[PDB]
Structure formats: structure tokens, C-alpha cells
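**Student:**
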Amino acid sequence: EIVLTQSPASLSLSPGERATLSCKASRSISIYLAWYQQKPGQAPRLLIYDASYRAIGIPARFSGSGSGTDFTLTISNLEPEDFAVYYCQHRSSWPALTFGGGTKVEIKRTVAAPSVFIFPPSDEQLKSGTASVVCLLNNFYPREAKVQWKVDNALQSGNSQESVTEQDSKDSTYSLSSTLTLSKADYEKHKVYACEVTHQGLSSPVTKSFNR
Amino acid sequence: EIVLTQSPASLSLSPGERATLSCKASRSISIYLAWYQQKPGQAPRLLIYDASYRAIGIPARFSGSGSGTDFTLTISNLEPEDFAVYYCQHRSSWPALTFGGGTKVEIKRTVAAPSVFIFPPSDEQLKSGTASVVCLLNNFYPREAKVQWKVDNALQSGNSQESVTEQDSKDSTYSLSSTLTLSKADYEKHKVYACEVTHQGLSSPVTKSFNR
Amino acid sequence: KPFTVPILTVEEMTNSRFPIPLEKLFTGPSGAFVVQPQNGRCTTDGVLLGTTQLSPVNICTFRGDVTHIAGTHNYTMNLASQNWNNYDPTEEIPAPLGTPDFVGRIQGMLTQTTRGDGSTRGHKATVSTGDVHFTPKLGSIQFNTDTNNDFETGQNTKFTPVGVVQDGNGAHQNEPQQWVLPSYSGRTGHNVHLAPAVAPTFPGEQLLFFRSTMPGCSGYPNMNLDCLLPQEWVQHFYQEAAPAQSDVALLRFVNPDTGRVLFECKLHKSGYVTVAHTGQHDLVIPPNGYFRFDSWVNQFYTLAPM
Amino acid sequence: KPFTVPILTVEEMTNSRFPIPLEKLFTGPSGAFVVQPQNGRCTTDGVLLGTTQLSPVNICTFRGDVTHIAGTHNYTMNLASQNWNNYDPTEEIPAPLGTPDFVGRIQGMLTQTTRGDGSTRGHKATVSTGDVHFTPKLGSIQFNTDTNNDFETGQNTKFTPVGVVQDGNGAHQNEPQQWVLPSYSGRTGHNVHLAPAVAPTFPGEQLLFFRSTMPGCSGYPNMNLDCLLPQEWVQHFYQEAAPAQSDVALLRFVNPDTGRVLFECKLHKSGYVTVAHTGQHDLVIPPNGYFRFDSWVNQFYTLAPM
Amino acid sequence: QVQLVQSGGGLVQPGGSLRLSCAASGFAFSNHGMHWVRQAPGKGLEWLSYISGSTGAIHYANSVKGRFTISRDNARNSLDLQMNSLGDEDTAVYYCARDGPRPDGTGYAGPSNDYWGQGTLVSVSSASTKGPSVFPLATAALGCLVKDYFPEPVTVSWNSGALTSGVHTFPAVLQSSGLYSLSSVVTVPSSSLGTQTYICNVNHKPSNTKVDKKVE
Amino acid sequence: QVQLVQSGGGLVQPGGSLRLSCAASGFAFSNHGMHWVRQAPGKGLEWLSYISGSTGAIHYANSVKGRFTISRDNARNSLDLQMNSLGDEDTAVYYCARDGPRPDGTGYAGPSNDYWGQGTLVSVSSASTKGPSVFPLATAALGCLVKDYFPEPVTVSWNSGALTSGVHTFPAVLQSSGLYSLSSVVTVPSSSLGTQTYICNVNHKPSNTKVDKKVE
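Quick note, the sequences are listed as chains E, E', C, C', F and F', same order. A prime marks a further copy of an entry chain. The first sequence maps to residues 1 to 95, 95A, 96 to 211 in the authors' numbering. The second sequence maps to residues 1 to 95, 95A, 96 to 211 in the authors' numbering. Under the authors' numbering, the first residue of the third sequence is numbered 225, with each subsequent residue one higher. Under the authors' numbering, the first residue of the fourth sequence is numbered 225, with each subsequent residue one higher. The fifth sequence maps to residues 1 to 52, 52A, 53 to 82, 82A to 82C, 83 to 100, 100A to 100I, 101 to 125, 135 to 212 in the authors' numbering. The sixth sequence maps to residues 1 to 52, 52A, 53 to 82, 82A to 82C, 83 to 100, 100A to 100I, 101 to 125, 135 to 212 in the authors' numbering.
#1: Going by C-alpha to C-alpha distance, which of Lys209(F'), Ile57(F'), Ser186(F') sits closest to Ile195(F')?
#2: Distance check for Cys92(F') and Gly387(C), CA to CA, integer angstroms please.
#3: Measure how close the beta-carbons of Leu249(C) and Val234(C) come, nearest whole angstrom, since I'm counting them as under 8 Å.
#4: Taking Cβ-Cβ distances shorter than 9 Å, what residues in chain C pair up with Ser186(F')?
#5: Closer than 8 Å between beta carbons: that is the criterion. Which residues of the region 337–361 of chain C meet it against chain E'?
#6: Specify the secondary structure class of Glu85(F) as computed by DSSP and reduced to three states.
#7: In its own chain, which residues sit with a C-beta less than 8 Å from the C-beta of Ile365(C'), not counting the 5 before and 5 after it?
#8: Can you give me the start and stop residues for the beta strand (DSSP E) that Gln171(F) sits inside?
#9: Would you say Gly55(F') faces chain C, with C-beta separation under 7 Å as the test?
#10: With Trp36(F') as the anchor, note down where its beta strand (DSSP E) starts and where it stops.
#11: Quick one: grab the DSSP three-state call for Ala465(C').
#12: Given this structure, state the Cα-to-Cα distance separating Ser121(E') from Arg211(E'), to the nearest angstrom.
#13: In the DSSP assignment, the alpha helix (DSSP H) including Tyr186(E') goes from what residue to what residue?
#14: Can you name the residues that DSSP bridges to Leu46(E')?
#15: Counting C-beta neighbours from all protein chains within 10 Å, is the total for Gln3(F') 16 or more, i.e. buried, or is it exposed?
#16: Should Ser30(E) be flagged as near chain C, meaning a C-beta pair shorter than 7 Å?
#17: Span of the beta strand (DSSP E) holding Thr276(C)?
#18: Can you list the residues of chain C' that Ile56(E') reaches, using a CB-CB cut of under 7 Å?
#19: Based on Cα-Cα distance, which residue from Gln160(E), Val191(E), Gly57(E) lies nearest to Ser173(F')?
#20: If you measure between the beta carbons of residue 126(F') and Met82(F'), is that distance less than 7 Å?
#21: Are the CB atoms of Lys103(E') and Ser14(E') within a distance shorter than 7 Å?
#22: Taking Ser202(E) as part of the beta strand (DSSP E), name the residues at either end of that continuous run.
#23: To the nearest angstrom, how far is it from the Cα of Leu486(C) to the Cα of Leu453(C')?
#24: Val109(F'): which of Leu124(F'), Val150(F'), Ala40(F') sits nearest, CA to CA?
#25: If you compare alpha carbons, which of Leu48(F), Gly106(F), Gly100A(F) is closest to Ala23(F)?
#26: Tell me whether the region 191–207 of chain E' and the region 242–259 of chain C touch, counting them as touching only if at least three CB pairs, one residue from each stretch, are closer than 8 Å.
#27: Can the beta-carbon of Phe98(E') be found closer than 7 Å to that of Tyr87(E')?
#28: Roughly how many angstroms lie between the CA atoms of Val416(C') and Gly354(C'), to the nearest whole one?
#29: Is the distance from the Cβ of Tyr32(E) to the Cβ of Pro44(E) below 7 Å?
#30: Rounding to the nearest angstrom, what Cα-Cα distance links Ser25(F) and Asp101(F) in this structure?
#31: Identify the contact partners of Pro97(F') in chain C, using a Cβ-Cβ distance below 8 Å as the criterion.
#32: Quick one: using the 10 Å Cβ neighbour count with 16 as the cut-off for buried, is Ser65(E') buried or exposed?
#33: So which residues on chain E does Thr498(C) lean against when the C-beta distance must stay under 7 Å?
#34: Expressed to the nearest angstrom, what Euclidean distance is found between the alpha-carbon atoms of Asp518(C) and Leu491(C)?
#35: What residues from chain E' crowd round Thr183(F), counting only those whose CB sits closer than 9 Å?
#36: Whose C-beta lies closer than 6 Å to the C-beta of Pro385(C') among residues of the same chain, with five residues either side of it excluded?
What follows is the structure in C-alpha cells.
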């Protein structure tokens, strides 16, 4: 089979700007490459077929070009609705479909510090056999942020969990939720706690932490 | 050059009947034969071109057919206006035109005797040096009629004149006018005169004549 | 007699399924449709198949006399032959020669001449090969026109194809369907004497199509038209009638500016071309390129990748 | 390389001056008109002349983009080439290849497709080769249509000929005039690079014409169209390119049912046919008859009477 | 509204010359070839000459080669025939006829003349103009007789035009004197042979020789 | 008014079987081939199977050959996927997509699916249905925390739906226990930290485990 790589995997652009996505094929597939748009929670949406023909009902701000191996999807003036994921697709191994790895079009914003909060465990939980603590980060950009816990100043790179929100429809920033899950065996036998929060746009790792 | 014979030279038909004229060519002239109609005192009228196509404005009662050498003009239902002379014409010796001898379409009637009249010479003329006598025939059909004069019962097949009218627009018959022209040298030296009038539809040569 | 193919280029040649020039070469995977056209079918030794005839301007045309259909703008045509003689619906053919081999609506002009005075009339008209009134094997078809009172009777009438139309309140590009045969006898019979369906008998081999674009006259139609042989090869094979030394002849596509072979393909004696490729491919060729016959080959010859 | 003519019959062949089948052979006396067509002109050794090209469906067609003419139903077309590339009005040809070579009014359909959404529109249209707006050598012509608001701009447009029309309050059969050349540059120039006029150089010899009947679309037009060579011989001479052993080749018309020669004629190297006959003659031939090349002959060969 | 209107002709003495003319209106004149055709009285048509619209191609009948000259001026829409050295074989009605309706530029070289001229008589006689002479003639019939008159025509009426029922005017005849002759008779009942008057009104416009005369 | 509406899916224990279905309306069903496509959560699309409209041509991805069975009944306008012997690699959203808009009979064999299904989730877990548990959290921010719950989803609201400015409900996460977990936080001024009440209303429809809870 022929492989389709899109690049890059992520794009950050200001509303009104111009997006240029790339699909490249391992060998030639002529002009038979189609582009799809996927908003989360929905099925894919066909934008471009035959490398350069707009599907029916598609706004003219979408333009596709390319042939052979190098294909390009271009959004002339990015609208707030056009921030989704974009898949290229070919069908040279009929009947099978092959898709690309997708390209995510993120909203670009100014840098915003994470207003870090932290929460003690609830002690309604400290009798179900298990305890867990949170290290919250609210309304920040860019998404990248390393979080590392320290139980009596010891990293626990064996147990932790992590979940990120999505870009706000108003603020266009992310928010983070850490998770340190242990049992009461190690919960009360330790008492020194360190949350590592380094984010581009701060001044130095803003460390908020704990003491049982 | 190629010769075009029409046949017969004369046709007698009842109004409402069907006329069939023939044109025959010495060798082939394909379908390029045209038919013309000529009413007396007028120029020819084109009826049929390319052997079988009616000219513009021609009634459908005219139909032409033929090819190669044998061509046929057909008038389905003869009208009173279609009694004229008919010429076929070809143009194989471009640019020259060649016509046929024509075919006359006469009105057919019942036989009618010639109401023969005869007239003495006027003697206002018998002092200009020359005298002439008439033997009239009025309203008869068919046109053929032999007329022979006899001066003291002697045919004068050396001097005579003859003029025929045309078919009446009402009676559809002809009328004839004889002429015996001599001088006073033989006018008064003879006194026995015989007009020979034989016409199909009589009983025996109705002889009306003279005595100075 | 040695076998040859004409030295004409793709732009110089003509489609055998509609009177329009060729445009490009195209190979695609057969499957989900049956390639069984009745025009452009001709064997390499000169035997015409299906509804194939020799003139490239008599494709998708009709001749005969008309009849107005009460209270409509529709006319029924009683079919004649190409030479205006009577049509014989008992001839060993699927339909009159040149009759369409795809389901769709064809727009053109109906023209008529009156043998009497030489007067002429012409009106736009549409014929739908996929309805109940399309019975050319029975000798009768239907036209939708713009007039209800101009075409006379008993006069010679000719339909001249121009393009395809798509009528609809949506449903785009659902017609024409070039690989769906019409019912040449309507709902009152099965098609007979058809040209055989063609498909590669070799995995990794695909058919090579000679592709033209039909004009569109209304709506959102499908204007791609693939044929198995250009009308010029149909004409060539008929005149030459060279016997086949095998069931497969090997052709090479040459760029004469360089002398170099661009690809090779199999010309099957049955009358169609295969290439070794996988997937849809719009071929990119120099405009001077032409096909060239090299040798007769066996059943198990393996083609170099296109 | 030995010279040959195709073994196709007259009904199997195509007119080279309009995309319609041939019908009959016809000889007629030249005089009062100059036989100087620009289509169907091709030498026996393969050199095309005038506006001659190879595809029989691109005769009398036009391609390009349109422009509405204010307050009219008229449209001006900016001409492209057959392959939709730009037209070069500085090429050594009288006009774009396939352009008409007779004065008259040609009715067909204008079709257009929008590259964006694949939408199509088609309207009847008429082009008059004898007016001031017919300047194809300059790249621009005019169409009279039925709509004043449907054809878009910058889109590919194609004109497809169907028939001829005669407009008039009388004056019948005064157009088209197949032996009157248009002014390919309007009133602003003389025609250039024309194919030579042809006429027999021998008294009692006449030209032999390949005759078809153009469809009529309105009025009382002249629907006879004579060409000097069928489009198939144009295609044959181009591919074979056999050198001429003389200035005159001798052909025989054979009835293969009997084996008998019906008539003989001279195929002039310059690309036209003469017979020995006097006067207009619609030839009557068996439908199986075909031409056959026999020998190259001299300038003073005398033909047997046709 | 296509029209061909001829001019010229008339009388000429044997050996002399005449000029014929055809004026055209209602069509493209240079697009059509023109013929000259003659019809001797009572016989059939005879081709004379042809000139083509634009090609300047000119052809003559064998009987008139060297004597006749055809010509056209496409600017003035005219067509001329120069006739020299005439003789009595050339006495006829002469027509201009156009090649139509299809123009020369359509290649049609077949037989078709759709529009002719009105006719123009040409007479080649040495005789001179002269007036008629009326001689009376005597249910029965009586008439009037005309002799020694030239040229033609001669109109004959009866009772100033109030007696047409019965008039049989006979077409003229030529003689060895070069002059024509006529007769005109009417039949009437003998009931009005003396009650009503009968006056044949001869008229010969070529010489303005008018003659009224009663008969009994 | 072209529609593809899917049915089936749900939860299955590893090794078990499921049946997917796509119901079509608004087009000629036998004229279009249909695909089955799956998307594991957060990753890209993966082709699964194809069946053609009329030709009865059937093809499967290498990962599912022998385990899956595709089928269509053109009379009932339906499309079915029989899924046997599932495993956690098969947890995904499954779509039916049609080959369109151009029908099979046009020869178009290129990449174009214009109409998909709505999506049908298939989960392959051995875990059983279970309810959530809410733990409180303590200008600043305070929220609610959910744990030990399965399957999904879980809706979380604040003050019965009259506090949306500040709610950042985090998408669930799976654990080595097979059960998910969540958190939902809001920021508010400390001016109403005791004046106004703050009640997170948890709702887990899979088990009808509703929970309201105030935080301080």
C-alpha cells in the first residue's frame, strides 16, 4: 500500500490568517486525493475531491492543489469554524481507503500564565481505601506543560494520571488537571509534597504544594 | 450536344382530366431537367427543377418525375389556366441552355361544324390594283380543316393565305379565315369560284361559293 | 499480413462512444461495474461487434419520422437506417448501429426538412435512454422538445447529439452512467447479441481507457466518457483485417522526440487494452506520443510496470 | 512506399467540410465559381493544407470564453485552440484549423461548464460567417443566442455545429454559398496562406465531388456540401505519406460483387479528383463500390469517358 | 419584388445593328449569371448567350458568334446585348433570364431560370412604316378587312366597344410584299341587320392611322 | 434529504460479538458501495470493509479478516457488519460511509465519501456498569471530583445550571482498574465564598446514579 503523511501534525494560526496543510504520498497517486474535515464528536466532512475540486456546498475559502505525490490544502481566510482536524485520503488500493495521520488546526493566542490552584484530598474519601490529590492549571497557552509530583521530594514516575481540556470557545486557552493516586499506606506516611509546574510565559517553575 | 424530344406535340384533354407529357433525352442527363410553362404573350414560367422538385409558389397539381433519359411531367387535375405550352430544358452543355420542341395542351371539346360564311370582295378595293376574297369558318373543332380554292374549278396551289384564331375562352373552338389574292387581270376574266371546306363532324364537303 | 496500429496521437483521435475528440489516457480499477460497451467494439482482425459502425459522426444519432404526442411537448420517432432505408428490427444486432450504450439524457437538436418545398425546421430536444419509451430495437423512441406544433409527419427527421443533461432538485452527478446498458427493447425484452463484457484476466492488470469529456447542457452531469478503442483503430482494424498470430499483441507507447518507450501494454485480440498498474491514474503523456505494435506474445507474458 | 487509397465505401466515409456523413458522388462543370476550399485539403504525400486538421468532429467548431454584448442576445467568443491552449493569430494558417470555409449562418449549441462546481448550461446559437464580427484569424467571433443572462465569463465554452439556417422575407436558397470564402480577418485584412484553388487543366475533364447534405434548421437554405477529399483519405494520406511517382495517380472505381470497373478517374497529387464528363451528373453507384489505385500516369493521359 | 425590365429592340433594316438592355432590381446582381434567349414567332425557345456574375465568363450560341456581344455592369445593375449584322433569321422576341434562385457561389450549374424579362421584339425588315386600309364585308355574318399595313399591331373594335359578343379578330399574316393583313368578323341576327348600326373602329398606332367605318 | 442512520454497538466482553447496522434513505441504495470505518478515541481513521452496490464485491482490512462479515440487503436499504471475537484493539467509533456522490455505474473508483453515519460506539471491556462517587474540593477556585465510575458519559452541572461562567469539566480518563474518573472546577471571587451556595449536580444515566452536593 501507499502511505500518506501530513505535515506538520499541528498548526497554530490567528483567525483571519491563511492555513497551508501538506499531504505527501509514498509514490504517485495522480490527482485522486481527497481532503476531509472532522470537528470533534462528528463524522468526517468532505471538502476537496480529485485533489482540487470543491465538494458541493463547500465555501470558496477552501482550495486544494497538487498532483502525483505532493498535495496541498489551503484555507484562504481562516474562520472560527475551520479549526478542526484535517485528513487526506486516497484509494489507490481499490477498494480500500487509506487516510493520513490528520493535521490539527489550533487557534493561536498570546501567551497566558496558568493560574495554578491545588486542592487537598477530601477526607470523605480517606475511608474508601484510596486517596487522590489534584494540581489544577486554569486558562493558559500554549498547551505544553510538564507536571511532576514529589512525595517527600521524590518523583513518582510510575503512578500518575493526566487530562487536558480543549481550547475555550471564548478565551481560546487550555486547562490542565493532574492526579496523584496512592493509598493510605503512602498517603500519611509522607507529608512533604511538591507539584512541578513549568510553563512558557511564567518566570520560573511556579511551585504550589502541600503539607498534611 | 444532347437533344430533348417532347411527345406528343399536342394534347387534347377535358378540364379536370390528367395530363402526362414526356421528355426524352438522347443520352443521360441525370436528374437535371427542368420544366417550363408558357402562356402566349408572356415569358416562360418555371414549374419543376431537378426533374421532380416544384418551384416556389407552384400548385401541388404539378408533379415531375424521371431520371437519366425518360422524364415525365404530370398535371394531376387540369385547371382552365393550365392550357399553355410546355418546354423541358437541360443544361448539360454548360453554360448553354437547350429546350425541347414544346408540347401544347389543347382543350378537348365535342365536335362542332363550321358555320361557313363567304364574302364578296369590296369594290372600294377594285380600284387600288388588287382584289381579295374571304371564305370564313366560325366556331368549329377540331382545328384541322383543308381549304382549297378553285378559279373556274381550278385549284390555285401557288397563291393563297391562311390564318387561324385560337381556342375561345368561352366556346373553346377555333375559327378560320381563307384568302384568295389576285389582281383584276384574273379577277374578272374568271367567274366560277369554288371554296373547298371539309371538316370532321360535317356530312360532306360543305361548298359555299361565288359568281361575279 | 503484418499487424499495425495507426500512428495518430491521442488528441488527433476520436471517441468511439460519442462524437467528440479524445483527451487523455486513463487506467482505473475495474470492479463495482461491468465494462460492457457496445460502441467501439471491434476485434483486431476486423470484425465489428455490438452496435459498432465506421463513421464517427453517426454515434448517438437517430433518423426517421416523427409524431406528436397529444397534449405534450413530446415526439415519438420511428427509426430508419443510416441510409434512410427501412430499419430491420430482426437483424442480429443489439440495436441500430451507433445507438447509445449508456443510461442518461442526451440533449441535441431535431432537424427536419420537407421534401416538397425544401423548408426546414430545427428544435432543441432531449432523449432519455433509461425510460420505458426508449425501445430502439423495436424501432421507436421518444423526444422531449420545446414545441408542440412545428414538426411535420412523414418527413425525414434527424437527431444530432450535443451533450448530456442532469435534471434534479439535488442528487448531483447521478447520471449519465456510462457502464450501465440501456434496455434496447424497453421493459418488454432482454438485450440480445451484446458485445462481451471485458475485464483483465490477470491480477495487477487494469484496463486502459481512451477518455474524452462530454459537453454538459443542464445541471450537474457526469461528463467523463471512456471507450475501449478510438474510432480510428476501429477503422484501421477493419480495413487491414490482419490475422492474429496470438490472443495478445504487445504495444509500446513511444515519444518520438526522444525515441524512448514510455510504457507497454497488451492489445487483446478481442479488442481492448490492458496495462499493469494499481489504482486510478490519469496518464501524463507527451503530445507527440503514439502506440506502436512490436510482437505477438503468449498468454503468460508479464508486463513491465506502467 | 506504394501508394494506396482506403477501401471504404462512400456511405462509410465522412465529409471534410462539415461533421456529417457522405452520401453520393457528384461531378459538375466548374465555372461561375472558384473551387477553393480550406478544409479537406491535403496532398497525396501527407501535407495538410489550409485549415485542414485530422479529427472529423472538430470541423466548424469553436472553443474559448464568452462575453455578453450589452442590450443584445449576442455573445463574443475569444478563441482558443483545440487543446484549450491559447490561439496564436500569427501562425501560418488562414484561420484556426477546422474553421468554416463557406459564407452562411451555422446553427448549433453553445455549451459551458463552470470549473468550480461542475455546473453546466447550454443554449442554441447561430454564427454568421459573412458579417463584420467574424474575425477568427484575429481570434474573435460573435454568436446570436436566445439568452441574455446565462453564459458566465472566463469559463470554457464550446460551439457545436448542427445545421445551416436561411433567414429572409423571400430570397430563397441564397445561402449558404459553399464556394464563397469568408473574410477570416473581417473587413480589416485580406485572407492569407490559403489553399490553392483547384480546377481541371484539361477540357472535358470535370472535378469529382464527395457530396453530403447539411441539415437545415430554419428557412430555405442550401444544404448541398461538396468536398474534394473525404476526411478518411485526408487521414490516410497523412499516415502513409507515400511519395508521388508523378503528378497524377490513376484510380478505378470497382464493384466487388462483380469485380468490374465502373469508371476511372485522376487523383491529382495536389489533392483532388477529376473525371471525364460534361454536365452535372449525380453518379449512381453500387453501395459496395470503392476506389482503387492502379498506376501513376503522365500529364497527357486521357481518361475513359465516365 | 425581384424584377427584370428590358429596353431597346424595335425595327432594323437587314444588315443593321441593335442594342438590347435588361435592368435588374430586387436581388444581388453580381451573384447571378444572366442569359439571353430568343423565340421566333410561333416556334420554340433558342439559347443565345450567357455571362456569369463575377467570373466574367462569356459564351455564345454558334449561330450568333462574331455578331453578338454580351456585357454587364454590376455597379449599375444592367445587362446589355450588342447585336450587329442582323438578318431575318434574327426576328424574334428576346428575353433576359437570370440563373436562379440559387446564386453562382453555390456551385449549382443546372437548368433553372426563375425570373425572365418581359420580352422585347426585334424585327429585321426592309419595309417602311405604313397605314392600314379597311374594306367592308357583305342570321348571317359580316366583318371588316385590313390590308397593306406595317408594322404591327392593329386594334379593331366594333361600335366603339359595345359589341364584343361575336368578334373574332384574326391574327395578322405576312405576305410577299412585306406588309401584313387582317380580318375581323362578327355574327349577328338578321333582325337588326338594318335597325342597329355596325361600325368597325380600326386603329394603327405606329402611323396614327385611325379609321371608323360602317358596313352594309 | 440523504440520510445514513446507524444502530447497534454498545458494550461487549472481550471475546464476544456485536452487530452493526446502517439504514439508508434518500438515494438509490444499490447504486452506491458502502464502507465501514472505525476511529479509536483520539487517533485517526482506519478502513475496515467494503461491499459494492450490485456486483456483490466484498473486501476486508487485514486486521479484521476472518472476524468480520459485511452484508447488505438492497431490498430493505440496510447494511450490516457482523463483528465476532472482539478485543480491546476493536474499541472505537464505527462509521458507515457511502461512495458518493457518483454511483458505481459511472466507473468512478476514486476516494470520495460524501455521506457518513452518525457514529456508533463499540467498547470491549470486561468491567461492569457502576455508579460514580463525588468528593468535594477545597479569588480562588473549588470544584468536584468523580472516580470509580463506568461506563461513560457523566454530566456535571453547577447550581442546577445557573453557573456556567467558569466551569471547566475535564474529559474522563481510564485507569488500571478499568473505571474512569473526572474533575470539574469553577473559579469565583472570594466575595461570595459563603454568601452564595455552590452545588455540583452529578448525573450518570448508565446507572441512574444522580448526586447533588454542596462544597465548602
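In this text, a Cβ means the ideal position worked out from N, Cα and C, and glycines have one as well.
**Tutor:** Let's see:
#1: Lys209(F')
#2: 35 Å
#3: 6 Å
#4: Ordered by position in chain C, no residue passes the 9 Å Cβ test against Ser186(F'), which lies about 58 Å from the chain.
#5: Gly340, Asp341, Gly342
#6: helix
#7: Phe286, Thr300, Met301, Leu303, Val351, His357, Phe358, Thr359
#8: It is not in any beta strand (DSSP E) - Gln171(F) carries neither H nor E in the DSSP assignment.
#9: no
#10: 34–39
#11: coil
#12: 12 Å
#13: 183–186
#14: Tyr36(E')
#15: exposed
#16: yes
#17: Element bounds for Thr276(C): n/a, residue is neither H nor E.
#18: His396
#19: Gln160(E)
#20: Gap in chain F' between 125 and 135; residue 126(F') lies inside it and carries no coordinates.
#21: no
#22: Careful: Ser202(E) lies outside any beta strand (DSSP E) and carries neither H nor E.
#23: 35 Å
#24: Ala40(F')
#25: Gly106(F)
#26: no
#27: yes
#28: 17 Å
#29: no
#30: 14 Å
#31: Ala395, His396, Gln397, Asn398
#32: exposed
#33: Those within 7 Å of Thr498(C) in chain E number zero; the least Cβ separation is about 16 Å.
#34: 11 Å
#35: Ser114, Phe116, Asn137, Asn138
#36: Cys284, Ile330, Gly332
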